[PDB]
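What follows is the content of start21.tsv, which has TSV, C-alpha atoms and all ligand atoms:
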```tsv
chain	number	residue	atom	x	y	z
A	1	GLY	CA	-2.04	63.60	12.69
A	2	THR	CA	-3.56	66.96	13.64
A	3	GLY	CA	-4.36	68.06	10.10
A	4	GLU	CA	-3.40	71.40	8.63
A	5	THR	CA	-0.79	73.63	10.25
A	6	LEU	CA	-1.08	77.42	10.23
A	7	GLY	CA	1.66	77.59	7.59
A	8	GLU	CA	-0.26	75.28	5.29
A	9	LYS	CA	-3.31	77.54	5.68
A	10	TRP	CA	-1.10	80.54	4.92
A	11	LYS	CA	0.23	78.91	1.74
A	12	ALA	CA	-3.26	77.90	0.58
A	13	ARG	CA	-4.53	81.46	1.07
A	14	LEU	CA	-1.46	82.83	-0.71
A	15	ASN	CA	-2.16	80.62	-3.73
A	16	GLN	CA	-5.75	81.96	-3.84
A	17	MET	CA	-4.63	85.58	-4.21
A	18	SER	CA	-4.94	87.51	-7.43
A	19	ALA	CA	-1.75	88.97	-8.87
A	20	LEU	CA	-2.89	92.32	-7.47
A	21	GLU	CA	-3.59	90.95	-3.98
A	22	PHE	CA	-0.32	88.99	-4.06
A	23	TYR	CA	1.62	92.12	-5.08
A	24	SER	CA	0.22	94.29	-2.28
A	25	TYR	CA	0.59	91.52	0.31
A	26	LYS	CA	4.18	90.60	-0.61
A	27	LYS	CA	5.78	93.66	1.00
A	28	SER	CA	3.01	94.75	3.39
A	29	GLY	CA	4.63	95.95	6.63
A	30	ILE	CA	8.01	94.34	5.96
A	31	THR	CA	11.45	95.84	6.52
A	32	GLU	CA	13.49	96.69	3.44
A	33	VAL	CA	16.76	98.32	2.45
A	34	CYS	CA	16.63	100.85	-0.33
A	35	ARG	CA	18.83	99.49	-3.13
A	36	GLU	CA	18.71	102.52	-5.47
A	37	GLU	CA	22.21	103.83	-4.76
A	38	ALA	CA	23.81	100.37	-4.89
A	39	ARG	CA	21.99	99.38	-8.07
A	40	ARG	CA	23.18	102.57	-9.79
A	41	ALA	CA	26.79	102.30	-8.59
A	42	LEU	CA	27.03	98.61	-9.51
A	43	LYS	CA	25.67	99.35	-13.00
A	44	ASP	CA	28.35	102.04	-13.34
A	45	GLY	CA	31.03	99.50	-12.39
A	46	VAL	CA	31.90	101.21	-9.09
A	47	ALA	CA	33.72	98.65	-6.94
A	48	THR	CA	35.01	100.83	-4.05
A	49	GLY	CA	31.84	102.57	-2.88
A	50	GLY	CA	30.98	100.20	0.00
A	51	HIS	CA	27.81	98.97	-1.70
A	52	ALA	CA	26.43	95.51	-1.05
A	53	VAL	CA	26.02	93.38	-4.17
A	54	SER	CA	22.53	92.18	-3.19
A	55	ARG	CA	19.81	92.46	-0.54
A	56	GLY	CA	21.40	89.43	1.10
A	57	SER	CA	24.06	91.44	2.93
A	58	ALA	CA	21.35	93.24	4.91
A	59	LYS	CA	19.62	89.95	5.75
A	60	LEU	CA	22.83	88.52	7.20
A	61	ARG	CA	23.62	91.82	8.94
A	62	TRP	CA	20.27	91.60	10.76
A	63	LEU	CA	21.20	88.19	12.18
A	64	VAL	CA	24.83	89.04	12.97
A	65	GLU	CA	24.19	92.39	14.66
A	66	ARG	CA	21.84	90.65	17.09
A	67	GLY	CA	24.27	87.84	17.91
A	68	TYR	CA	22.09	85.16	16.33
A	69	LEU	CA	25.13	84.20	14.22
A	70	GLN	CA	28.78	84.92	15.16
A	71	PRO	CA	30.97	84.15	12.13
A	72	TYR	CA	34.63	83.29	12.61
A	73	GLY	CA	37.57	81.61	10.90
A	74	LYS	CA	37.01	79.83	7.58
A	75	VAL	CA	33.56	80.66	6.15
A	76	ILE	CA	31.96	78.42	3.51
A	77	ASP	CA	29.01	80.05	1.70
A	78	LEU	CA	26.92	77.48	-0.21
A	79	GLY	CA	24.69	79.02	-2.88
A	80	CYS	CA	26.47	82.37	-2.70
A	81	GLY	CA	24.77	83.93	-5.74
A	82	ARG	CA	26.11	87.43	-6.32
A	83	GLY	CA	27.96	87.18	-3.00
A	84	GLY	CA	26.02	89.31	-0.51
A	85	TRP	CA	26.64	86.96	2.42
A	86	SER	CA	30.27	86.33	1.49
A	87	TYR	CA	31.16	90.01	1.28
A	88	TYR	CA	29.37	90.73	4.54
A	89	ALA	CA	31.20	87.87	6.26
A	90	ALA	CA	34.53	89.21	4.96
A	91	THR	CA	34.14	92.38	7.06
A	92	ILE	CA	33.77	90.49	10.36
A	93	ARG	CA	36.86	90.70	12.57
A	94	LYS	CA	37.01	87.02	13.58
A	95	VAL	CA	36.54	85.83	9.97
A	96	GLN	CA	39.77	84.95	8.15
A	97	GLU	CA	38.74	83.38	4.82
A	98	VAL	CA	35.52	83.25	2.78
A	99	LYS	CA	34.86	80.65	0.07
A	100	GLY	CA	31.57	80.99	-1.80
A	101	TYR	CA	30.13	78.53	-4.32
A	102	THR	CA	27.17	78.95	-6.63
A	103	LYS	CA	25.63	77.30	-9.68
A	104	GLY	CA	25.41	80.30	-12.00
A	105	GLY	CA	24.22	79.81	-15.56
A	106	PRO	CA	21.14	81.04	-17.42
A	107	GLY	CA	18.57	82.50	-15.08
A	108	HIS	CA	20.75	82.30	-11.97
A	109	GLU	CA	22.81	84.83	-10.05
A	110	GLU	CA	26.50	85.10	-10.95
A	111	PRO	CA	29.13	86.26	-8.45
A	112	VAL	CA	29.80	90.01	-8.55
A	113	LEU	CA	33.37	91.25	-8.07
A	114	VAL	CA	33.60	94.34	-5.85
A	115	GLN	CA	36.26	95.59	-3.47
A	116	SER	CA	34.32	96.07	-0.24
A	117	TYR	CA	36.33	95.69	2.96
A	118	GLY	CA	38.11	92.34	3.10
A	119	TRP	CA	37.57	91.51	-0.59
A	120	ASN	CA	41.08	90.02	-0.75
A	121	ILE	CA	40.05	87.11	1.54
A	122	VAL	CA	36.99	86.26	-0.57
A	123	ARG	CA	36.91	83.70	-3.38
A	124	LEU	CA	33.61	83.17	-5.22
A	125	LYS	CA	33.25	80.21	-7.59
A	126	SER	CA	30.45	79.86	-10.13
A	127	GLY	CA	29.55	76.77	-12.13
A	128	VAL	CA	29.44	74.62	-8.98
A	129	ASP	CA	26.59	72.28	-8.05
A	130	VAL	CA	26.93	72.19	-4.26
A	131	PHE	CA	24.97	68.92	-4.04
A	132	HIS	CA	27.92	67.21	-5.74
A	133	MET	CA	30.57	68.93	-3.60
A	134	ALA	CA	32.36	66.81	-1.02
A	135	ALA	CA	31.93	68.37	2.42
A	136	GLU	CA	35.05	69.76	4.07
A	137	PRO	CA	35.73	71.21	7.52
A	138	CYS	CA	35.04	74.86	8.13
A	139	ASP	CA	34.41	77.14	11.09
A	140	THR	CA	31.29	78.93	9.80
A	141	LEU	CA	28.83	77.24	7.44
A	142	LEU	CA	26.40	79.40	5.44
A	143	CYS	CA	23.74	78.22	3.01
A	144	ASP	CA	21.05	80.38	1.40
A	145	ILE	CA	19.62	77.79	-1.03
A	146	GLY	CA	15.90	77.25	-1.46
A	147	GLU	CA	13.85	78.44	-4.43
A	148	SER	CA	10.23	79.40	-3.77
A	149	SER	CA	7.42	77.44	-5.43
A	150	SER	CA	3.65	77.75	-5.43
A	151	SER	CA	3.61	73.98	-4.78
A	152	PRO	CA	4.19	73.13	-1.10
A	153	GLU	CA	5.28	69.60	-2.07
A	154	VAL	CA	8.01	71.18	-4.22
A	155	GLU	CA	9.06	73.53	-1.42
A	156	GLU	CA	9.15	70.58	0.99
A	157	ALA	CA	11.21	68.45	-1.40
A	158	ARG	CA	13.62	71.34	-1.96
A	159	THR	CA	13.99	72.01	1.77
A	160	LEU	CA	14.64	68.33	2.58
A	161	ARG	CA	17.30	68.38	-0.12
A	162	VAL	CA	19.06	71.41	1.41
A	163	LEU	CA	18.88	69.93	4.91
A	164	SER	CA	20.25	66.55	3.82
A	165	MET	CA	23.14	68.26	2.05
A	166	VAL	CA	24.07	70.63	4.90
A	167	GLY	CA	24.02	67.74	7.38
A	168	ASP	CA	27.18	66.39	5.74
A	169	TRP	CA	28.89	69.74	6.32
A	170	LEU	CA	27.62	70.09	9.89
A	171	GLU	CA	29.08	66.64	10.61
A	172	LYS	CA	32.50	68.32	10.22
A	173	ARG	CA	31.59	70.47	13.28
A	174	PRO	CA	31.57	74.14	12.27
A	175	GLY	CA	30.94	76.22	15.37
A	176	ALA	CA	28.69	78.74	13.61
A	177	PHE	CA	26.09	78.18	10.92
A	178	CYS	CA	23.23	79.94	9.13
A	179	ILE	CA	21.01	77.76	6.92
A	180	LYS	CA	17.97	78.85	4.94
A	181	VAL	CA	14.91	76.70	5.66
A	182	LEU	CA	12.57	77.52	2.78
A	183	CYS	CA	9.57	75.57	4.08
A	184	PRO	CA	9.70	74.94	7.86
A	185	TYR	CA	6.04	74.51	8.71
A	186	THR	CA	4.82	71.01	7.82
A	187	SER	CA	4.59	68.51	10.67
A	188	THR	CA	7.17	66.27	8.97
A	189	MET	CA	9.56	69.19	8.50
A	190	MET	CA	9.21	70.32	12.10
A	191	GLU	CA	10.03	66.83	13.38
A	192	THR	CA	13.07	66.79	11.07
A	193	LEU	CA	14.23	70.19	12.30
A	194	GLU	CA	13.95	69.20	15.96
A	195	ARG	CA	15.98	66.05	15.29
A	196	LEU	CA	18.62	68.24	13.62
A	197	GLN	CA	18.61	70.64	16.59
A	198	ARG	CA	19.19	67.74	18.97
A	199	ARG	CA	22.32	66.80	17.01
A	200	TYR	CA	23.65	70.22	15.90
A	201	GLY	CA	21.93	72.86	18.07
A	202	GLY	CA	20.68	76.24	16.90
A	203	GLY	CA	17.15	77.45	16.27
A	204	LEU	CA	15.03	79.03	13.55
A	205	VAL	CA	14.67	82.80	13.19
A	206	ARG	CA	12.35	84.87	11.00
A	207	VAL	CA	14.17	87.86	9.49
A	208	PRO	CA	11.87	90.89	9.05
A	209	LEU	CA	13.50	91.69	5.69
A	210	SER	CA	11.95	88.50	4.30
A	211	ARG	CA	8.91	89.08	2.08
A	212	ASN	CA	5.46	87.96	3.25
A	213	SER	CA	5.20	85.73	0.18
A	214	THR	CA	7.74	83.24	1.58
A	215	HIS	CA	7.78	81.37	4.91
A	216	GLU	CA	11.60	81.14	4.89
A	217	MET	CA	13.34	81.05	8.26
A	218	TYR	CA	17.04	80.79	9.05
A	219	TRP	CA	18.46	77.98	11.18
A	220	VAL	CA	21.25	79.74	13.09
A	221	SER	CA	23.67	78.47	15.72
A	222	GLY	CA	23.35	81.52	17.98
A	223	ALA	CA	19.57	81.51	18.62
A	224	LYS	CA	18.35	78.23	20.12
A	225	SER	CA	14.59	78.10	20.54
A	226	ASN	CA	11.52	75.88	20.43
A	227	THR	CA	10.93	75.35	16.70
A	228	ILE	CA	7.27	74.38	17.12
A	229	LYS	CA	6.69	77.78	18.70
A	230	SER	CA	9.02	79.84	16.48
A	231	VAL	CA	7.48	78.48	13.27
A	232	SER	CA	3.93	78.89	14.57
A	233	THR	CA	4.66	82.49	15.61
A	234	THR	CA	5.85	83.26	12.07
A	235	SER	CA	2.78	81.59	10.53
A	236	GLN	CA	0.48	83.69	12.74
A	237	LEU	CA	2.40	86.84	11.80
A	238	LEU	CA	2.07	86.12	8.07
A	239	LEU	CA	-1.62	85.21	8.32
A	240	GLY	CA	-2.42	88.37	10.27
A	241	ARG	CA	-0.84	90.50	7.56
A	242	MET	CA	-3.26	88.98	5.03
A	243	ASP	CA	-6.10	90.88	6.74
A	244	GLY	CA	-6.66	94.61	6.95
A	245	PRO	CA	-5.15	97.21	4.64
A	246	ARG	CA	-1.70	97.08	3.14
A	247	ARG	CA	0.79	98.53	5.58
A	248	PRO	CA	3.85	100.70	4.87
A	249	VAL	CA	7.26	99.22	4.22
A	250	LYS	CA	9.81	100.10	6.90
A	251	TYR	CA	12.74	101.27	4.76
A	252	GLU	CA	16.29	101.14	6.16
A	253	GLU	CA	19.56	102.40	4.73
A	254	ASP	CA	21.48	99.56	3.13
A	255	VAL	CA	24.72	98.10	4.39
A	256	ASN	CA	27.96	100.01	3.95
A	257	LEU	CA	30.70	97.39	3.65
A	258	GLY	CA	33.50	99.95	3.29
A	259	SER	CA	36.54	99.29	1.13
A	260	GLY	CA	40.15	98.20	1.44
A	261	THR	CA	41.98	94.97	2.14
A	262	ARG	CA	42.50	92.95	5.30
A	263	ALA	CA	45.82	91.71	6.66
A	264	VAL	CA	45.90	87.89	6.66
B	1	LIG	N1	22.65	73.19	-6.65
B	1	LIG	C1	23.13	74.42	-6.47
B	1	LIG	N2	24.50	74.60	-6.38
B	1	LIG	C2	25.01	75.87	-6.20
B	1	LIG	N3	24.18	76.95	-6.08
B	1	LIG	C3	22.84	76.77	-6.14
B	1	LIG	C4	22.28	75.51	-6.33
B	1	LIG	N4	20.93	75.65	-6.35
B	1	LIG	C5	20.63	76.96	-6.18
B	1	LIG	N5	21.81	77.65	-6.05
B	1	LIG	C6	22.04	79.10	-5.88
B	1	LIG	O1	21.87	79.55	-4.56
B	1	LIG	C7	21.67	80.95	-4.61
B	1	LIG	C8	20.71	81.28	-3.47
B	1	LIG	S1	20.32	83.04	-3.39
B	1	LIG	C9	21.86	83.52	-2.59
B	1	LIG	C10	21.84	84.99	-2.21
B	1	LIG	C11	23.06	85.34	-1.37
B	1	LIG	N6	22.93	84.84	0.00
B	1	LIG	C12	23.33	86.84	-1.38
B	1	LIG	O2	23.43	87.42	-0.30
B	1	LIG	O3	23.48	87.48	-2.43
B	1	LIG	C13	21.12	81.27	-6.00
B	1	LIG	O4	21.98	82.17	-6.70
B	1	LIG	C14	21.06	79.92	-6.70
B	1	LIG	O5	21.41	80.00	-8.06
```

Let's see the structure in the file written out as structure tokens.
Amino acid sequence: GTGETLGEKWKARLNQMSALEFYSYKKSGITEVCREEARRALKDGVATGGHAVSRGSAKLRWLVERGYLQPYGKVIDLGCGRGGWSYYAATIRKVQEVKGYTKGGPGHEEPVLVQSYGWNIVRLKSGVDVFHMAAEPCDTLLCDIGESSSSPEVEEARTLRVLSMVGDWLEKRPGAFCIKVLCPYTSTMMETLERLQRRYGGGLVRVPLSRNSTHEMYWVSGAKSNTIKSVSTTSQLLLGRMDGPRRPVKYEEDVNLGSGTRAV
């Protein structure tokens, strides 16, 4: 054992921040979409304005527009929340069907019904515990599950749980996948991830729309890389942003998902 990884040092420093320091650090220098227009239109019940239902659509757009994920066919979206990934996937030409599942209930996101482009091929189901769902074949497997915790043992336990569950779906051989890895940086987790890459491929990618307060990376089929290096690079990035003054957010215009239905 070589002791403490950079990500463990990052997490320990994060937990030593005051609420003020934490607040300024959380968005320092990150990329963000402005959600003002969408938030207003969704509150007014507007379903045809092209608005994304969450910040998640922009996160998936960042991966897809770079070719790190190429969705196609039957898309399964585990932990779909409001549906940002499912509605984004529905606009993609090679996608033909989107099934999203999410827990819902008090304190959790419920699916939002809008009519962005391709809404007629989307089915979102709440009240579903995905850890009790029998895996089934699909072409594209998405999972965005992993709730942040100030305890790294809790984040590790939660990440191992997600990875064990998605393994059963990946055994059905989807050709594309995008899996949130909440806590990728412990030595045990990195050995687990490399074993999973040897069986299923892919690599981990840091999305710049992620907040500095989480070390989340996305395991995606379209960006194979050395996970030791990709995780360490992200840890160094996040540690460096803890020094020096708070830096401006890079604001982007949010996703326009259009409107209308798709043929078959
Ligand atoms: N056991 C479980 N079964 C189903 N959903 C779960 C779950 N545990 C957590 N979740 C859900 O997974 C979601 C992850 S956040 C999903 C955001 C989504 N990608 C978007 O773009 O909008 C949360 O809404 C959470 O409630």

Item to complete: Give as a ChimeraX atom specification the set of residues within 7 Å of the point (30.4, 77.8, 5.3), where distances use the file's coordinates and all atoms listed in the file.
Response: /A:75-78,138,140-142

Worksheet entry | Residues within 12 Å of residue A:137, all atoms listed in the file, excluding chain neighbours under 4 positions, as a PyMOL selection string | chain A and resi 73-76+141+166+168-176

Per residue of chain A within 6 Å of ligand LIG 1 (chain B), what are the shortest atom pair and its distance in Å to one decimal, counting only C-alpha atoms and all ligand atoms, with rows by chain and residue number, as a tab-separated table?
```
residue	atom	partner	partner_atom	distance
A:54	CA	B:LIG1	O3	4.9
A:56	CA	B:LIG1	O2	3.2
A:57	CA	B:LIG1	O2	5.2
A:79	CA	B:LIG1	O1	3.3
A:80	CA	B:LIG1	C11	4.7
A:81	CA	B:LIG1	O4	3.4
A:82	CA	B:LIG1	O3	4.7
A:83	CA	B:LIG1	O3	4.5
A:84	CA	B:LIG1	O2	3.2
A:85	CA	B:LIG1	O2	4.2
A:102	CA	B:LIG1	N3	3.6
A:103	CA	B:LIG1	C2	3.8
A:104	CA	B:LIG1	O5	5.6
A:108	CA	B:LIG1	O5	4.6
A:109	CA	B:LIG1	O4	4.4
A:128	CA	B:LIG1	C2	5.4
A:129	CA	B:LIG1	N2	3.5
A:130	CA	B:LIG1	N2	4.0
A:131	CA	B:LIG1	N1	5.5
A:144	CA	B:LIG1	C8	5.0
A:145	CA	B:LIG1	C8	4.4
```

Worksheet item: Pick from A:154, A:143, A:33, A:89: nearest to residue A:210, with only C-alpha atoms counted?
Response: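 Among the listed residues, A:33 lies closest to residue A:210.
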
Discussion item. Nearest residue to residue A:43 out of A:193, A:6, A:20, A:112, using only C-alpha atoms?
Written reply: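 Ranked by minimum distance to residue A:43, first place goes to A:112.
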
Practice prompt. Could you give me, as an MDAnalysis selection string, the residues within 7 Å of stretch 231-234 of chain A, counting all atoms listed in the file and dropping anything in the same chain fewer than 3 positions from it?
Written response: chainID A and resid 6 184:185 206 227:228 237:238

Practice prompt. Tell me, in Å to one decimal, how far atom CA of residue A:135 is from atom CA of residue A:97.
Written response: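 That distance, rounded to one decimal, is 16.7 Å.
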
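Between atom CA of residue A:133 and atom CA of residue A:101 lies a distance of 9.6 Å.
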
Just need the box for stretch 67-75 of chain A, edges along x, y and z, holding every atom the file lists for it with 5 Å tacked onto each side, so centre and edge lengths in Å to one decimal, as lines of an AutoDock Vina configuration file.
```
center_x = 29.8
center_y = 83.8
center_z = 12.0
size_x = 25.5
size_y = 18.0
size_z = 21.8
```

Fill in: Residue nearest residue A:15 among A:149, A:202, A:188, A:70 (counting all atoms listed in the file)
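The shortest atom-to-atom distance to residue A:15 comes from A:149.
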
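If you look at atom CA of residue A:164 and atom CA of residue A:196, they are 10.1 Å away from each other.
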
Worksheet item: Near residue A:118, within 8 Å and counting only C-alpha atoms, which residues show up once chain neighbours fewer than 2 positions away are dropped, as a list in words?
Response: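 Within the cut-off, the hits are residues 87, 90, 91, 115, 116, 120, 121, 122, 259, 260, 261 and 262 of chain A.
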
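Taking all atoms listed in the file into account, residue A:213 lies nearest to A:183 out of the set A:190, A:95, A:38, A:183.
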
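Once residue A:158 and its same-chain neighbours fewer than 3 positions away are set aside, residues 146, 147, 154, 155, 161, 162 and 182 of chain A remain within 8 Å of it when counting all atoms listed in the file.
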
Give me the residues within 8 Å of residue A:249 as a short mmCIF file (atom, residue, chain, number, x, y, z; two decimals) with C-alpha atoms, in the frame of the given file, counting all atoms listed in the file and dropping any in the same chain fewer than 6 places off.
```cif
data_model
loop_
_atom_site.label_atom_id
_atom_site.label_comp_id
_atom_site.auth_asym_id
_atom_site.auth_seq_id
_atom_site.Cartn_x
_atom_site.Cartn_y
_atom_site.Cartn_z
CA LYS A 27 5.78 93.66 1.00
CA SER A 28 3.01 94.75 3.39
CA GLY A 29 4.63 95.95 6.63
CA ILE A 30 8.01 94.34 5.96
CA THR A 31 11.45 95.84 6.52
CA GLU A 32 13.49 96.69 3.44
#
```

Discussion item. Calculated over only C-alpha atoms, which of the candidates A:45, A:127, A:186, A:230 has the smallest distance to residue A:3?
Written reply: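 Among the listed residues, the smallest separation from residue A:3 belongs to A:186.
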
Would you fill out stretch 137-161 of chain A with N, CA and C atoms and return it as an mmCIF file, in the coordinates of the input?
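Listing of out15.cif after writing:
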```cif
data_model
loop_
_atom_site.group_PDB
_atom_site.id
_atom_site.type_symbol
_atom_site.label_atom_id
_atom_site.label_comp_id
_atom_site.auth_asym_id
_atom_site.auth_seq_id
_atom_site.Cartn_x
_atom_site.Cartn_y
_atom_site.Cartn_z
ATOM 1 N N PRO A 137 35.856 70.466 6.261
ATOM 2 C CA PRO A 137 35.730 71.210 7.520
ATOM 3 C C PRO A 137 35.764 72.711 7.287
ATOM 4 N N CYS A 138 35.001 73.414 8.110
ATOM 5 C CA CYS A 138 35.040 74.860 8.130
ATOM 6 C C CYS A 138 34.621 75.299 9.523
ATOM 7 N N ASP A 139 34.791 76.587 9.797
ATOM 8 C CA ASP A 139 34.410 77.140 11.090
ATOM 9 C C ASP A 139 32.994 77.699 11.070
ATOM 10 N N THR A 140 32.609 78.327 9.963
ATOM 11 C CA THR A 140 31.290 78.930 9.800
ATOM 12 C C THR A 140 30.693 78.402 8.510
ATOM 13 N N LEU A 141 29.497 77.819 8.592
ATOM 14 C CA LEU A 141 28.830 77.240 7.440
ATOM 15 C C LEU A 141 27.594 78.065 7.111
ATOM 16 N N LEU A 142 27.551 78.644 5.907
ATOM 17 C CA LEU A 142 26.400 79.400 5.440
ATOM 18 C C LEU A 142 25.757 78.697 4.245
ATOM 19 N N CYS A 143 24.430 78.722 4.184
ATOM 20 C CA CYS A 143 23.740 78.220 3.010
ATOM 21 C C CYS A 143 22.450 79.005 2.853
ATOM 22 N N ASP A 144 22.245 79.583 1.673
ATOM 23 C CA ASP A 144 21.050 80.380 1.400
ATOM 24 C C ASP A 144 20.253 79.786 0.237
ATOM 25 N N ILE A 145 20.284 78.464 0.085
ATOM 26 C CA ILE A 145 19.620 77.790 -1.030
ATOM 27 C C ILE A 145 18.178 77.469 -0.667
ATOM 28 N N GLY A 146 17.278 77.680 -1.621
ATOM 29 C CA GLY A 146 15.900 77.250 -1.460
ATOM 30 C C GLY A 146 14.976 78.112 -2.294
ATOM 31 N N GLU A 147 14.615 77.634 -3.482
ATOM 32 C CA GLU A 147 13.850 78.440 -4.430
ATOM 33 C C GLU A 147 12.352 78.292 -4.176
ATOM 34 N N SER A 148 11.658 79.423 -4.049
ATOM 35 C CA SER A 148 10.230 79.400 -3.770
ATOM 36 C C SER A 148 9.448 78.713 -4.891
ATOM 37 N N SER A 149 8.336 78.086 -4.509
ATOM 38 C CA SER A 149 7.420 77.440 -5.430
ATOM 39 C C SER A 149 5.997 77.607 -4.918
ATOM 40 N N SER A 150 5.046 77.754 -5.843
ATOM 41 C CA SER A 150 3.650 77.750 -5.430
ATOM 42 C C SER A 150 3.199 76.372 -4.937
ATOM 43 N N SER A 151 3.949 75.315 -5.253
ATOM 44 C CA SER A 151 3.610 73.980 -4.780
ATOM 45 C C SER A 151 4.282 73.725 -3.442
ATOM 46 N N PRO A 152 3.529 73.463 -2.372
ATOM 47 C CA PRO A 152 4.190 73.130 -1.100
ATOM 48 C C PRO A 152 4.946 71.815 -1.141
ATOM 49 N N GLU A 153 4.499 70.832 -1.933
ATOM 50 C CA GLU A 153 5.280 69.600 -2.070
ATOM 51 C C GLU A 153 6.650 69.891 -2.669
ATOM 52 N N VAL A 154 6.717 70.805 -3.638
ATOM 53 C CA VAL A 154 8.010 71.180 -4.220
ATOM 54 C C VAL A 154 8.867 71.903 -3.188
ATOM 55 N N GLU A 155 8.277 72.845 -2.445
ATOM 56 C CA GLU A 155 9.060 73.530 -1.420
ATOM 57 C C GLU A 155 9.558 72.554 -0.365
ATOM 58 N N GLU A 156 8.724 71.581 0.015
ATOM 59 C CA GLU A 156 9.150 70.580 0.990
ATOM 60 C C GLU A 156 10.293 69.736 0.448
ATOM 61 N N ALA A 157 10.152 69.248 -0.791
ATOM 62 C CA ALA A 157 11.210 68.450 -1.400
ATOM 63 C C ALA A 157 12.512 69.231 -1.506
ATOM 64 N N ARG A 158 12.422 70.517 -1.855
ATOM 65 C CA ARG A 158 13.620 71.340 -1.960
ATOM 66 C C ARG A 158 14.257 71.568 -0.600
ATOM 67 N N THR A 159 13.438 71.772 0.435
ATOM 68 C CA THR A 159 13.990 72.010 1.770
ATOM 69 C C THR A 159 14.654 70.747 2.318
ATOM 70 N N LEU A 160 14.024 69.577 2.130
ATOM 71 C CA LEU A 160 14.640 68.330 2.580
ATOM 72 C C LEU A 160 15.980 68.121 1.902
ATOM 73 N N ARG A 161 16.057 68.489 0.625
ATOM 74 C CA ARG A 161 17.300 68.380 -0.120
ATOM 75 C C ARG A 161 18.391 69.261 0.486
#
```
